[PDB]
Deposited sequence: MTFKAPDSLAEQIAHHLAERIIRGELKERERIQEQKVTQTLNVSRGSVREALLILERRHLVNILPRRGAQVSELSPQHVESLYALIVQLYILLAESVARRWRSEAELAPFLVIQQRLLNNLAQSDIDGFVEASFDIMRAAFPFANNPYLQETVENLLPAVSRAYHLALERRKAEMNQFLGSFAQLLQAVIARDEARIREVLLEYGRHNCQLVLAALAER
């Protein structure tokens, strides 16, 4: 990771968690002083965040809107189907799926700790554990570039409804079983159904701003 990428990750986590609010301003000099970093690094960090849709170029934290949320979910669900179908076709031995079981345990541990921040962080390891099965650089880079925006929406859904962690775990368990069963019709059903549900929960939160 370049220093620009480290700074962007730091600011992205603050936007994702709701610590930096919609329309809030980010000043280059304030970030340089708080983090003890070079100004050029901060400038590049903001360009990364803009590329990842989290800020508008100083910079201002981007606003959420229903059309962009719906846009994001319509796209990410098709990318997740592609990833999950590649795991379902390519896994050869059940040992290769063990990463998903460890993530299941990590999600449960964060739920036990009432840790929404860690729950979101661990959710993204699911995609990361799928990448070696797909060996698809275009898909991987696309998903990685969208993870901050997805994170931000997903975090808002959990801020609105803690029981969504229980809901996600139930759907994830169904997805894992469908991948184990190599059932592509069921994989698409689970992802499309949970995707629409989670999107509408984000929209409910947006409507209450």
{"query": "Stretches with no C-alpha atoms in the model, relative to the deposited sequence starting at 1", "finding": "1-6, 64-67"}
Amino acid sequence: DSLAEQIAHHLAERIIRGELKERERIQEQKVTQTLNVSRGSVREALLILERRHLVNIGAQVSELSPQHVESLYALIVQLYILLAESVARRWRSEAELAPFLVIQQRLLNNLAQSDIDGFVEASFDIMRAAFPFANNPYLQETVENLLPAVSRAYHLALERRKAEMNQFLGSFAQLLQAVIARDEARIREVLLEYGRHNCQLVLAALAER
From here on, numbers count along this sequence of modelled residues.
{"item": "Stretch exceeding the other in mean C-alpha B-factor - 16-24, 185-193", "value": "16-24"}
{"item": "Between 107-115 and 69-77 (mean CA B-factor, as deposited), the higher", "value": "107-115"}
{"item": "Largest Cα B-factor, entry values, listed residues 156, 31, 49, 180", "value": "31"}
{"item": "Residue with highest C-alpha B-factor in the PDB entry, from 175, 35, 143, 149", "value": "35"}
{"item": "Chain-relative CA temperature factor third for residue 165", "value": "lowest"}
{"item": "Among modelled residues of the same chain, the CA temperature factor third for residue 3", "value": "highest"}
{"item": "Third of chain Cα B-factors occupied by residue 138", "value": "lowest"}
{"item": "Residue 64 - Cα temperature factor, lowest/middle/highest third of chain", "value": "lowest"}
{"item": "Record-listed C-alpha B factor of residue 130: chain third", "value": "lowest"}
